[PDB]
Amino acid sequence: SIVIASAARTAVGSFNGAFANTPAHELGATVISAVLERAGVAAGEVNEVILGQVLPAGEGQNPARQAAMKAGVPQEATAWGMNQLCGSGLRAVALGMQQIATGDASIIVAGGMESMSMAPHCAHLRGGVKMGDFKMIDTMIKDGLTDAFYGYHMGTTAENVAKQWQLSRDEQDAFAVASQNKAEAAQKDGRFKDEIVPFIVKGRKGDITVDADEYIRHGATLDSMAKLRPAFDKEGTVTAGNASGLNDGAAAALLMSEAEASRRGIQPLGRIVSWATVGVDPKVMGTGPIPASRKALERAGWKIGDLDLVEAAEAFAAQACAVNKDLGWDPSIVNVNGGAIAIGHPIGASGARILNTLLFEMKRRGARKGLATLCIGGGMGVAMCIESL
């Protein structure tokens, strides 16, 4: 019933990098405009914008609405944001699909956006501090990256998974270098061009056009990777090199019914066949994609062997490894263009980011059946199955 008419994403910016001072909703507005243009659909026609966003503090009322309004979506339309952590960008898409499935809207723009760079530090001060030092809390770390039940970083959950799965530092680094090497090759061959829409960072002393993923290392070496220190555990195995990055970006999709696309003469990027979300132990959250992907497949009536292409989000080499090992899908069809270790990981946006990557590679290679999945802090996974028209 529901198709993805069009998709777009910004380049992913490095932490305090190209988009260091760019509010998330500015990134979202550009991707909203882009999917409308790519589909031949006027902003006037949008019913609702649904944007995942984990870190909106200090951005002002409902950044999803600010994005939609900046893109010229009409005031009569609606907008909201949601948060299921790193599952957000993809969940928003399944949520958008449900609005159409129940007959409550016809045209939805859904995805995610995140500025981890603009995330502020904070403190509750209404009571006052009579005496003594107090903490200014980094919201990115606190609200984005720390498990609320165990008090440790997502990177520690990665350690937990490495131990349970017995994944050596050497195995994790090999994975990491492959991801970098795949992404470099894809960037250089122009495989990210179709999906990226440029973003203009307005500057008094010059406007800069950002249209490439700046986090991707060129010529990353295993030796330099092997050299790194463990980032979360002195005798750990997870490093800055084999973990995903802290990043900025947005990414979205334009949804409507298959019949509606047909009337408009649009050739959709894909049909949404199923999605699923399941929970797992917070301590091993990186394992979420396993039950999530298996449920999505079952809902699709598909076998793992039926898939032609897969984007499994690389939160950490440790967890991506475990996911691939348990699901057992051919690794040669997974993250064919590199993943988050190389490309970066703007949390609320990431699920829509890999959806864009999946859809455009499926189109270019003629892949019929695909799946995107991500792990979720606090212990969850989300997955979505996509079939080509």
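Don't overthink the numbering: it's just position in the shown sequence, from 1.
Self-check item: Stretch with the higher entry mean CA B-factor, where the candidates are 5-13 and 363-371
Solution: For C-alpha atoms only, the mean B-factor is higher in 363-371.
Quiz item: As stated in the PDB record, which stretch has the larger average Cα B-factor, 304-312 or 231-239?
Solution: Stretch with the greater average CA B-factor: 231-239.
Practice problem: From the list 142, 124, 188, 295, select the residue with the highest C-alpha B factor recorded in the entry. | Solution: If I rank 142, 124, 188, 295 by C-alpha B-factor, first place goes to 124.
Self-check item: Top residue by Cα temperature factor, when 245, 288, 132, 87 are compared in the entry
Solution: Answer for 245, 288, 132, 87: 132, with the highest C-alpha B-factor.
Quiz item: Taking the entry's C-alpha B-factors for this chain, is residue 327 in the lowest, middle or highest third?
Solution: Highest third of the chain for residue 327's C-alpha B-factor.
Exercise. Would you mind checking where the Cα B-factor of residue 339 ranks among the modelled residues of its chain, as the lowest, middle or highest third?
Key: For residue 339, whose C-alpha B-factor we compare with every modelled residue in the chain, the answer is the lowest third.
Quiz prompt | CA B-factor ranking of residue 358, expressed as a third of its chain | solution = Answer is middle: the recorded C-alpha B-factor places it there.
Quiz prompt | Assigned third (lowest, middle, highest) for the C-alpha B factor of residue 111 | solution = As the PDB entry reports it, the C-alpha B-factor of residue 111 lands in the lowest third of its chain.
Practice problem: Rank-wise, by C-alpha B-factor, drop residue 55 into the lowest, middle or highest third of its chain. | Solution: CA B-factor rank for residue 55: middle third.
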